[PDB]
């Protein structure tokens, strides 16, 4: 057991980010997530559980602390994906900001629609679903985030190991939950491995 530094991020917010991500991955994997394209998102055969990673939080922090709403360049988050969010309520409670960011990102599926073809095409991305697709990217298994109270915004950055949103690849493998998983969390339809 290895805690992250006393660096301004609260344990409550870290827990909220990780639980919300795994919860929503699980909803998608079990076939329970509404898709704006119609029906629900397809069931996932091997959606992996995420773990919190303090090193990934560190690089998310490096972005958040600059208090500019902007994606980081790849060499500032080597090997990692990234979702960013902001609210004008600067002093928002950090676990509340975690909840709002995770909802805004995930909400792309219901609002914009993805559909049954999970290949990440130019056309698909242009629908504005790239924050959702990173949250539920099958192979992404490390999460680390930071919430910064900047002068004029509450700025949230999460980063994701390995990076998702690889052009032309599938967001996840379709099939019955855990059907391609030998280490299955049967309750949630999530794979450790």
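Residue numbers count along the first chain shown, from 1.
Participant: Test of understanding: from the entry's C-alpha B-factors, which stretch has the higher mean, 164-172 or 56-64?
Facilitator: Comparing 164-172 with 56-64, the higher mean C-alpha B-factor belongs to 164-172.
Participant: Decide which of the stretches 127-135 and 154-162 has the higher mean C-alpha B-factor, going by the entry.
Facilitator: Averaging CA B-factors over each stretch, the winner is 127-135.
Participant: Using the entry's values, work out which of 102, 116, 83, 75 has the largest Cα B factor.
Facilitator: Answer for 102, 116, 83, 75: 75, with the highest C-alpha B-factor.
Participant: Place residue 147 in the lowest, middle or highest third of its chain's C-alpha B-factors, as listed in the PDB entry.
Facilitator: Lowest third.
Participant: Pull the Cα B-factor of residue 110 out of the PDB entry and bin it into the chain's lowest, middle or highest third.
Facilitator: Middle third, going by the recorded CA B-factors of the chain.
Participant: Relative to the other modelled residues of the same chain, rank the CA B-factor of residue 13 and answer lowest, middle or highest third.
Facilitator: Middle third.
Participant: Looking at the temperature factor on the CA atom of residue 24, which third of the chain's modelled residues does it land in?
Facilitator: It belongs to the lowest third of the chain when residues are ordered by C-alpha B-factor.
Participant: Could you place residue 37 in the lowest, middle or highest third of its chain by Cα temperature factor, using the values in the record?
Facilitator: Residue 37: CA B-factor falls in the highest third of its chain.
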